[PDB]
Each structure stands twice: as structure tokens, then as C-alpha cells.
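Quick heads-up: it's one chain on its own, the form solved without the DNA, in C-alpha cells.
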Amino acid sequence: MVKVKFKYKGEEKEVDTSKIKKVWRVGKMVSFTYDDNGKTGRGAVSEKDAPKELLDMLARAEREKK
């Protein structure tokens, strides 16, 4: 259940790791770039509604930084 659920293209969006390009903290918010069939795209979530796998990828990043 643990591809990344979020919002993009004016709908809900689910992305697999095969497509994820970057994840970091935009200060307050979890910010990523993910891919769609060769073009990039930006995804984001707030912690309160960020399920575990999204966290896990961001987590190594965030812990390392902090």
C-alpha cells in the first residue's frame, strides 16, 4: 500500500520508487521530485498525513541532515 499517495495533475496521485527523483524537507513540508514517463514533476506532503514509506525515504535524508 506503500507507493507514495499525494496530489498532482489536479487529482490524487500514487508514485512508485522506480519513478522518484529526489526527496527533501522544504522547511515545513516534505518535498520531492518524482518522474512521470520521462518528464519530472514535484510532489509534497505534510508529516501528519505522510505514510511510512514516504517517510522512510525522506527519513534517512531528514535524520542525516538533522
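In this text, residue numbers run from 1 along the sequence as written.
Omitted from view is the form deposited with the DNA bound, to which the following refers.
Taking non-hydrogen atoms only, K9 approaches the DNA to within 4.5 angstroms in the deposited bound form.
Using a 4.5 angstroms limit between non-hydrogen atoms, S46 touches the DNA in the deposited bound form. Heavy atoms closer than or equal to 4.5 Å to the DNA in the deposited bound form belong, across 28-54, to the residues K28, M29, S31, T33, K39, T40, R42, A44, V45, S46, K48, ordered by sequence position.
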